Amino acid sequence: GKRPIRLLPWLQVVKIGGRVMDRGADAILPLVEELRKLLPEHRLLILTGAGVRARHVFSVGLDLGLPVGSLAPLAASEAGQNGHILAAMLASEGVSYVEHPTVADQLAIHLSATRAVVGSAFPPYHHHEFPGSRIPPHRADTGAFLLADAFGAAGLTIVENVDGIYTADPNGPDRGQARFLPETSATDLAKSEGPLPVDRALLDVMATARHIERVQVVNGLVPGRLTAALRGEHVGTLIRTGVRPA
């Protein structure tokens, strides 16, 4: 399709949800042991989301009247703290946290030095966040996809605290009505109203994607599902981006 080259075609990108990290050792320790076993199998860029502490800083910032561009870096800080925590648990394996500038221009050398690096999934929109909502739209899922597609990576896998995407919040008021979606397209999700486990802006950047054809959302609280998803096995919700294979 006369598309841009793939910068890092051998790369696998994994996004860890901030609310997975929020569960502490009970969720993090099995995830760390699964990541340890995956290091010899894949070249991994592991990106962390923000979770509940960003909700609290949104609560204070919204109370102070701050605009959406003020809230964006405050939330991004919590994603980076989650990344430092995860990288600390993998340090004995040679894994460290790397900053956005290193991720942006020096990922190649760092993945030559070690098998995986951890970074923040929030993109550096910060005070240039788009207006409209008072909640920053370009969050962890969106930043992780923008990076993965810009690199031309082999995949992006989103590690969630639920099995995947449902027709309603499976932890919310309409939960007995929520039906599991094994597959969906980004366009079908975008034309629905209701909450999702992924940013609505993820669906927008999938519409302009150049390389990534599918993204799987899997439950990181079930050991083995991330491992299976990185081998292309269907253990969660597959999101079709609309990039067509050649």
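Throughout, we count residues from 1 along the sequence that is shown.
J.: Averaging C-alpha B-factors over each stretch, which comes out higher, 43 to 51 or 183 to 191?
T.: The entry gives the higher C-alpha B-factor average to 183 to 191.
J.: On average, are the C-alpha B-factors higher in 52 to 60 or in 174 to 182?
T.: On average, C-alpha B-factors are higher across 174 to 182.
J.: Which one, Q106, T142, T157, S120, has the peak C-alpha temperature factor per the PDB entry?
T.: Going by the entry's C-alpha B-factors, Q106 comes out highest.
J.: Relative to the other modelled residues of the same chain, rank the CA B-factor of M21 and answer lowest, middle or highest third.
T.: Lowest third.
J.: Of the three thirds of its chain by CA temperature factor, lowest, middle or highest, which one includes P136?
T.: Bottom third by C-alpha B-factor.
J.: Lowest, middle or highest third of the chain for the C-alpha temperature factor of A88?
T.: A88: CA B-factor falls in the lowest third of its chain.
J.: Going by what the PDB entry lists, where does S96 fall on CA B-factor within its chain: lowest, middle or highest third?
T.: Bottom third by C-alpha B-factor.
J.: Is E129 in the lowest, middle or highest third of its chain when residues are ranked by C-alpha B-factor?
T.: Tercile = middle for this residue's CA B-factor.
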